[PDB]
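K.L.:
Structure: start.pdb, PDB, C-alpha atoms.
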```pdb
MODEL        1
ATOM      1  CA  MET J   1      67.684  93.290 104.158
ATOM      2  CA  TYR J   2      68.545  95.416 107.228
ATOM      3  CA  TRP J   3      67.550  98.822 108.484
ATOM      4  CA  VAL J   4      70.236 101.313 109.550
ATOM      5  CA  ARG J   5      67.472 103.756 110.637
ATOM      6  CA  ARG J   6      64.168 101.921 111.066
ATOM      7  CA  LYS J   7      62.061 102.173 108.002
ATOM      8  CA  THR J   8      63.910 105.316 106.707
ATOM      9  CA  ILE J   9      67.040 103.765 105.250
ATOM     10  CA  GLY J  10      68.356 100.235 104.996
ATOM     11  CA  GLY J  11      70.426  97.960 102.837
ATOM     12  CA  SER J  12      70.374  94.607 101.108
ATOM     13  CA  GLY J  13      71.977  92.530  98.375
ATOM     14  CA  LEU J  14      70.508  91.671  94.941
ATOM     15  CA  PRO J  15      67.224  89.812  95.108
ATOM     16  CA  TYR J  16      67.164  86.511  93.260
ATOM     17  CA  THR J  17      63.357  86.308  92.714
ATOM     18  CA  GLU J  18      60.295  88.432  92.744
ATOM     19  CA  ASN J  19      59.232  86.946  96.082
ATOM     20  CA  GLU J  20      62.289  88.572  97.705
ATOM     21  CA  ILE J  21      61.229  91.953  96.290
ATOM     22  CA  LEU J  22      57.728  91.503  97.801
ATOM     23  CA  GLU J  23      59.538  90.692 101.133
ATOM     24  CA  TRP J  24      61.065  94.212 100.775
ATOM     25  CA  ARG J  25      57.594  95.752 100.284
ATOM     26  CA  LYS J  26      56.270  93.948 103.343
ATOM     27  CA  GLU J  27      59.209  95.272 105.403
ATOM     28  CA  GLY J  28      58.326  98.865 104.443
ATOM     29  CA  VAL J  29      60.583  99.543 101.453
ATOM     30  CA  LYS J  30      59.158 102.165  99.067
ATOM     31  CA  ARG J  31      62.073 103.363  96.935
ATOM     32  CA  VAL J  32      65.215 101.504  95.804
ATOM     33  CA  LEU J  33      68.684 102.846  94.971
ATOM     34  CA  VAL J  34      70.225 100.222  92.681
ATOM     35  CA  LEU J  35      74.008 100.191  92.847
ATOM     36  CA  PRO J  36      75.336  97.219  90.870
ATOM     37  CA  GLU J  37      76.659  97.492  87.298
ATOM     38  CA  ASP J  38      74.474  96.102  84.456
ATOM     39  CA  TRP J  39      76.401  92.787  84.214
ATOM     40  CA  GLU J  40      75.975  92.152  87.977
ATOM     41  CA  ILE J  41      72.224  92.790  87.706
ATOM     42  CA  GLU J  42      72.115  90.578  84.642
ATOM     43  CA  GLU J  43      73.623  87.564  86.375
ATOM     44  CA  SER J  44      70.286  87.279  88.200
ATOM     45  CA  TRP J  45      67.815  89.064  85.979
ATOM     46  CA  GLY J  46      69.145  88.678  82.430
ATOM     47  CA  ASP J  47      68.443  92.277  81.494
ATOM     48  CA  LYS J  48      69.004  95.376  83.621
ATOM     49  CA  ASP J  49      65.930  97.204  82.303
ATOM     50  CA  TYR J  50      63.755  94.182  82.931
ATOM     51  CA  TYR J  51      64.947  94.078  86.566
ATOM     52  CA  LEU J  52      64.087  97.788  86.934
ATOM     53  CA  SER J  53      60.686  97.271  85.297
ATOM     54  CA  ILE J  54      60.073  94.490  87.819
ATOM     55  CA  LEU J  55      60.874  96.898  90.720
ATOM     56  CA  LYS J  56      58.598  99.446  89.114
ATOM     57  CA  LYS J  57      55.728  96.941  88.596
ATOM     58  CA  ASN J  58      56.027  96.193  92.302
ATOM     59  CA  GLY J  59      55.393  99.684  93.575
ATOM     60  CA  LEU J  60      59.035 100.485  94.159
ATOM     61  CA  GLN J  61      60.447 103.557  92.405
ATOM     62  CA  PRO J  62      64.037 102.616  91.409
ATOM     63  CA  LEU J  63      67.061 104.822  90.636
ATOM     64  CA  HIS J  64      70.045 103.032  89.024
ATOM     65  CA  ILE J  65      73.502 104.559  89.821
ATOM     66  CA  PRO J  66      76.042 101.842  88.914
ATOM     67  CA  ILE J  67      79.158 101.746  91.029
ATOM     68  CA  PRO J  68      81.920  99.283  90.336
ATOM     69  CA  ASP J  69      82.532  96.606  92.949
ATOM     70  CA  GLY J  70      85.009  97.879  95.550
ATOM     71  CA  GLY J  71      84.543 101.457  94.271
ATOM     72  CA  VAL J  72      82.703 104.613  95.247
ATOM     73  CA  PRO J  73      80.405 106.948  93.466
ATOM     74  CA  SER J  74      81.924 109.770  91.374
ATOM     75  CA  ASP J  75      81.153 113.212  92.870
ATOM     76  CA  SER J  76      78.483 113.607  90.263
ATOM     77  CA  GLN J  77      76.778 110.273  91.147
ATOM     78  CA  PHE J  78      77.016 111.104  94.848
ATOM     79  CA  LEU J  79      75.145 114.293  94.421
ATOM     80  CA  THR J  80      72.394 112.448  92.506
ATOM     81  CA  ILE J  81      72.284 109.676  95.145
ATOM     82  CA  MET J  82      71.980 112.136  98.065
ATOM     83  CA  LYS J  83      69.459 114.310  96.256
ATOM     84  CA  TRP J  84      67.444 111.069  95.703
ATOM     85  CA  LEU J  85      67.754 109.735  99.248
ATOM     86  CA  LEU J  86      66.978 113.078 100.835
ATOM     87  CA  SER J  87      63.957 113.599  98.569
ATOM     88  CA  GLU J  88      61.685 111.226 100.598
ATOM     89  CA  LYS J  89      62.597 110.221 104.127
ATOM     90  CA  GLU J  90      60.751 106.932 104.384
ATOM     91  CA  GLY J  91      61.288 103.484 103.031
ATOM     92  CA  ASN J  92      64.664 103.881 101.325
ATOM     93  CA  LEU J  93      66.513 100.706 100.374
ATOM     94  CA  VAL J  94      70.028 100.833  98.940
ATOM     95  CA  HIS J  95      71.426  97.580  97.406
ATOM     96  CA  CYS J  96      74.391  96.167  95.536
ATOM     97  CA  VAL J  97      75.170  92.415  95.069
ATOM     98  CA  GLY J  98      75.944  91.185  98.629
ATOM     99  CA  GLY J  99      74.662  94.111 100.694
ATOM    100  CA  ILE J 100      78.034  95.062 102.197
ATOM    101  CA  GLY J 101      80.678  97.235 100.487
ATOM    102  CA  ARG J 102      79.117  99.734  98.118
ATOM    103  CA  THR J 103      75.882  99.666 100.039
ATOM    104  CA  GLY J 104      77.527 100.168 103.415
ATOM    105  CA  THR J 105      79.545 103.036 102.003
ATOM    106  CA  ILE J 106      76.472 104.871 100.777
ATOM    107  CA  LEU J 107      74.620 104.220 104.034
ATOM    108  CA  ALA J 108      77.459 105.529 106.156
ATOM    109  CA  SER J 109      77.690 108.548 103.808
ATOM    110  CA  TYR J 110      74.009 109.244 104.444
ATOM    111  CA  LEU J 111      74.533 109.213 108.224
ATOM    112  CA  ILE J 112      77.521 111.529 107.998
ATOM    113  CA  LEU J 113      75.495 114.083 106.013
ATOM    114  CA  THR J 114      72.204 113.854 107.915
ATOM    115  CA  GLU J 115      73.449 113.327 111.503
ATOM    116  CA  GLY J 116      76.893 114.960 111.360
ATOM    117  CA  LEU J 117      78.535 111.714 112.537
ATOM    118  CA  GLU J 118      82.302 111.404 112.456
ATOM    119  CA  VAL J 119      83.465 108.851 109.863
ATOM    120  CA  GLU J 120      84.373 106.165 112.453
ATOM    121  CA  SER J 121      80.965 106.437 114.102
ATOM    122  CA  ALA J 122      79.160 106.203 110.802
ATOM    123  CA  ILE J 123      81.090 103.113 109.767
ATOM    124  CA  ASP J 124      80.510 101.501 113.204
ATOM    125  CA  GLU J 125      76.756 102.150 113.059
ATOM    126  CA  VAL J 126      76.404 100.433 109.711
ATOM    127  CA  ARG J 127      78.689  97.540 110.748
ATOM    128  CA  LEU J 128      76.466  96.928 113.787
ATOM    129  CA  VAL J 129      73.544  96.027 111.501
ATOM    130  CA  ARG J 130      75.631  94.761 108.556
ATOM    131  CA  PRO J 131      78.871  93.166 109.515
ATOM    132  CA  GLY J 132      81.730  93.976 107.167
ATOM    133  CA  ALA J 133      80.011  97.123 105.777
ATOM    134  CA  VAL J 134      82.516  99.347 103.918
ATOM    135  CA  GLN J 135      85.013  96.945 102.424
ATOM    136  CA  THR J 136      87.839  98.820 100.762
ATOM    137  CA  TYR J 137      90.412 101.543 101.435
ATOM    138  CA  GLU J 138      88.980 103.580  98.523
ATOM    139  CA  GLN J 139      85.601 103.392 100.292
ATOM    140  CA  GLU J 140      87.035 104.369 103.698
ATOM    141  CA  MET J 141      88.915 107.321 102.131
ATOM    142  CA  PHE J 142      85.766 108.460 100.391
ATOM    143  CA  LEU J 143      83.803 108.574 103.733
ATOM    144  CA  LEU J 144      86.510 110.678 105.436
ATOM    145  CA  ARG J 145      86.169 113.057 102.465
ATOM    146  CA  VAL J 146      82.373 113.099 102.866
ATOM    147  CA  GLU J 147      82.871 114.144 106.505
ATOM    148  CA  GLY J 148      85.480 116.746 105.552
ATOM    149  CA  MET J 149      83.271 118.232 102.815
ATOM    150  CA  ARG J 150      79.945 117.798 104.643
ATOM    151  CA  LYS J 151      78.901 121.497 104.448
ATOM    152  CA  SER J 152      79.885 121.798 100.786
ATOM    153  CA  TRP J 153      77.860 118.675  99.915
ATOM    154  CA  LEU J 154      74.791 119.954 101.748
ATOM    155  CA  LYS J 155      75.121 123.301 100.019
ATOM    156  CA  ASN J 156      75.321 121.631  96.597
ATOM    157  CA  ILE J 157      72.465 119.170  97.376
ATOM    158  CA  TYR J 158      70.033 121.969  98.113
ATOM    159  CA  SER J 159      70.818 124.583  95.452
TER     160      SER J 159
ENDMDL
END
```
Show how you would write the structure in this file as structure tokens.
P.N.:
Amino acid sequence: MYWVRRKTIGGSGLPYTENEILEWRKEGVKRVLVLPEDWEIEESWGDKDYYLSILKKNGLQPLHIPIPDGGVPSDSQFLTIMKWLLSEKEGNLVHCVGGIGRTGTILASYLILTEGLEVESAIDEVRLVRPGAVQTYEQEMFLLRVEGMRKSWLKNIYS
């Protein structure tokens, strides 16, 4: 896993065992935003709810917001994601299967909203800690929209 902002928000791929989840706790992770679809989670954990119960049994509070591979959250999911990430500043981990596309998109989105970064700066910052972050054109287009609608998202996040 990698931190984009030390101990406040980082990313990772899907853990294969419970020992990798304890590695997250040791690194300072406290809450986990789970982005893969059920079938992706199930390739490693057999059942999506069992995987979430494992996170829960390990002191991590999980939130599952499935995004298809290569895709982006719907506006509705994005609001939920940002309300969740902004609810507690420390120890946020966001993950998908490999730690790069969906995850880098959400991390860069977070930076755009919280630091007012332009889209190219946000993408660069995440790529510096996670090469290849933000994989598809749909993802890149989404981030430019996040920048363009920054004030409207913040207004809707805090109503």
K.L.:
I'd like to see the residues matched by the PyMOL selection byres ((chain J and resi 91) around 6) on this file, and ideally I'd get them as a VMD selection string.
P.N.:
chain J and resid 7 to 8 28 to 30 90 92
K.L.:
What does the distance from atom CA of residue J:75 to atom CA of residue J:149 come to in Å, to one decimal?
P.N.:
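Taking atom CA of residue J:75 and atom CA of residue J:149, their separation equals 11.3 Å.
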K.L.:
Set the distance at 12 Å and use only C-alpha atoms: which residues neighbour stretch 42-54 of chain J once local chain neighbours fewer than 4 positions away are removed? I'd like the list as a PyMOL selection string.
P.N.:
chain J and resi 13-22+31-38+58-66+97
K.L.:
Name the closest residue to residue J:152 among the candidates J:113, J:119, J:94, J:41; distances are taken between atoms, counting only C-alpha atoms.
P.N.:
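That would be J:113, the residue with the smallest distance to residue J:152.
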K.L.:
Counting all atoms listed in the file, figure out which residue out of J:127, J:151, J:25, J:102 gets nearest to residue J:56.
P.N.:
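Nearest candidate to residue J:56 out of J:127, J:151, J:25, J:102: J:25.
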K.L.:
Find, counting all atoms listed in the file, the residue in J:101, J:10, J:73, J:116 that gets nearest to residue J:137.
P.N.:
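The shortest atom-to-atom distance to residue J:137 comes from J:101.
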K.L.:
Restricting the calculation to all atoms listed in the file: of J:125, J:115, J:69, J:140, which residue gets closest to residue J:40?
P.N.:
J:69
K.L.:
List the residues matched by the PyMOL selection byres ((chain J and resi 1) around 7) in the displayed structure as a ChimeraX atom specification, ordered by chain and then by residue number.
P.N.:
/J:2,11-12
K.L.:
Could I see stretch 102-128 of chain J restored to N, CA, C and O atoms, set down as an mmCIF file, in the coordinates of the input?
P.N.:
```cif
data_model
loop_
_atom_site.group_PDB
_atom_site.id
_atom_site.type_symbol
_atom_site.label_atom_id
_atom_site.label_comp_id
_atom_site.auth_asym_id
_atom_site.auth_seq_id
_atom_site.Cartn_x
_atom_site.Cartn_y
_atom_site.Cartn_z
ATOM 1 N N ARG J 102 79.684 98.527 98.693
ATOM 2 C CA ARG J 102 79.117 99.734 98.118
ATOM 3 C C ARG J 102 77.945 100.243 98.895
ATOM 4 O O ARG J 102 77.821 101.457 99.105
ATOM 5 N N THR J 103 77.071 99.329 99.287
ATOM 6 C CA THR J 103 75.882 99.666 100.039
ATOM 7 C C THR J 103 76.262 100.236 101.394
ATOM 8 O O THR J 103 75.725 101.263 101.810
ATOM 9 N N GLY J 104 77.194 99.591 102.106
ATOM 10 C CA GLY J 104 77.527 100.168 103.415
ATOM 11 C C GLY J 104 78.170 101.535 103.297
ATOM 12 O O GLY J 104 77.981 102.391 104.148
ATOM 13 N N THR J 105 78.922 101.755 102.227
ATOM 14 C CA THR J 105 79.545 103.036 102.003
ATOM 15 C C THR J 105 78.485 104.112 101.834
ATOM 16 O O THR J 105 78.558 105.189 102.452
ATOM 17 N N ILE J 106 77.495 103.835 100.996
ATOM 18 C CA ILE J 106 76.472 104.871 100.777
ATOM 19 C C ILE J 106 75.680 105.081 102.077
ATOM 20 O O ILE J 106 75.328 106.183 102.429
ATOM 21 N N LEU J 107 75.360 104.007 102.809
ATOM 22 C CA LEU J 107 74.620 104.220 104.034
ATOM 23 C C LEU J 107 75.405 105.045 105.017
ATOM 24 O O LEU J 107 74.849 105.960 105.676
ATOM 25 N N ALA J 108 76.687 104.766 105.162
ATOM 26 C CA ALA J 108 77.459 105.529 106.156
ATOM 27 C C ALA J 108 77.535 106.974 105.674
ATOM 28 O O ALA J 108 77.548 107.876 106.485
ATOM 29 N N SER J 109 77.649 107.167 104.362
ATOM 30 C CA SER J 109 77.690 108.548 103.808
ATOM 31 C C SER J 109 76.430 109.339 104.196
ATOM 32 O O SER J 109 76.499 110.523 104.553
ATOM 33 N N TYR J 110 75.309 108.662 104.123
ATOM 34 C CA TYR J 110 74.009 109.244 104.444
ATOM 35 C C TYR J 110 73.974 109.735 105.903
ATOM 36 O O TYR J 110 73.540 110.872 106.199
ATOM 37 N N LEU J 111 74.467 108.881 106.814
ATOM 38 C CA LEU J 111 74.533 109.213 108.224
ATOM 39 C C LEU J 111 75.487 110.402 108.503
ATOM 40 O O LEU J 111 75.191 111.262 109.337
ATOM 41 N N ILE J 112 76.616 110.431 107.820
ATOM 42 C CA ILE J 112 77.521 111.529 107.998
ATOM 43 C C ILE J 112 76.816 112.836 107.599
ATOM 44 O O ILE J 112 76.910 113.840 108.313
ATOM 45 N N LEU J 113 76.137 112.832 106.462
ATOM 46 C CA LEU J 113 75.495 114.083 106.013
ATOM 47 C C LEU J 113 74.314 114.473 106.864
ATOM 48 O O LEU J 113 74.244 115.619 107.285
ATOM 49 N N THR J 114 73.394 113.541 107.138
ATOM 50 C CA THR J 114 72.204 113.854 107.915
ATOM 51 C C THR J 114 72.331 113.970 109.434
ATOM 52 O O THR J 114 71.516 114.691 110.049
ATOM 53 N N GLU J 115 73.318 113.283 110.042
ATOM 54 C CA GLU J 115 73.449 113.327 111.503
ATOM 55 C C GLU J 115 74.755 113.984 111.977
ATOM 56 O O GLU J 115 74.935 114.178 113.157
ATOM 57 N N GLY J 116 75.614 114.366 111.030
ATOM 58 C CA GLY J 116 76.893 114.960 111.360
ATOM 59 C C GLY J 116 77.818 113.968 112.084
ATOM 60 O O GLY J 116 78.712 114.400 112.821
ATOM 61 N N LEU J 117 77.644 112.661 111.863
ATOM 62 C CA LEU J 117 78.535 111.714 112.537
ATOM 63 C C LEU J 117 79.953 111.738 112.041
ATOM 64 O O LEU J 117 80.210 111.965 110.867
ATOM 65 N N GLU J 118 80.916 111.473 112.935
ATOM 66 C CA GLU J 118 82.302 111.404 112.456
ATOM 67 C C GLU J 118 82.403 110.099 111.641
ATOM 68 O O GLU J 118 81.635 109.170 111.860
ATOM 69 N N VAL J 119 83.379 110.022 110.732
ATOM 70 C CA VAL J 119 83.465 108.851 109.863
ATOM 71 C C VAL J 119 83.533 107.513 110.612
ATOM 72 O O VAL J 119 82.893 106.574 110.207
ATOM 73 N N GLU J 120 84.245 107.463 111.749
ATOM 74 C CA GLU J 120 84.373 106.165 112.453
ATOM 75 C C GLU J 120 83.048 105.765 113.098
ATOM 76 O O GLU J 120 82.761 104.585 113.171
ATOM 77 N N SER J 121 82.229 106.739 113.510
ATOM 78 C CA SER J 121 80.965 106.437 114.102
ATOM 79 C C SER J 121 79.992 105.956 113.031
ATOM 80 O O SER J 121 79.193 105.038 113.257
ATOM 81 N N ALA J 122 80.014 106.630 111.883
ATOM 82 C CA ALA J 122 79.160 106.203 110.802
ATOM 83 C C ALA J 122 79.474 104.755 110.386
ATOM 84 O O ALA J 122 78.567 103.947 110.193
ATOM 85 N N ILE J 123 80.735 104.453 110.164
ATOM 86 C CA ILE J 123 81.090 103.113 109.767
ATOM 87 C C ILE J 123 80.655 102.088 110.825
ATOM 88 O O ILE J 123 80.083 101.027 110.488
ATOM 89 N N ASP J 124 80.894 102.406 112.098
ATOM 90 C CA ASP J 124 80.510 101.501 113.204
ATOM 91 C C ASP J 124 78.995 101.233 113.211
ATOM 92 O O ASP J 124 78.551 100.091 113.380
ATOM 93 N N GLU J 125 78.196 102.284 113.033
ATOM 94 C CA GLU J 125 76.756 102.150 113.059
ATOM 95 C C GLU J 125 76.230 101.205 111.996
ATOM 96 O O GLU J 125 75.266 100.420 112.245
ATOM 97 N N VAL J 126 76.828 101.300 110.804
ATOM 98 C CA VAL J 126 76.404 100.433 109.711
ATOM 99 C C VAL J 126 76.913 99.016 109.980
ATOM 100 O O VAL J 126 76.180 98.058 109.769
ATOM 101 N N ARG J 127 78.144 98.881 110.461
ATOM 102 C CA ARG J 127 78.689 97.540 110.748
ATOM 103 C C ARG J 127 77.899 96.794 111.818
ATOM 104 O O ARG J 127 77.885 95.561 111.811
ATOM 105 N N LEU J 128 77.265 97.525 112.723
ATOM 106 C CA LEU J 128 76.466 96.928 113.787
ATOM 107 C C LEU J 128 75.235 96.202 113.250
ATOM 108 O O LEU J 128 74.741 95.240 113.891
#
```
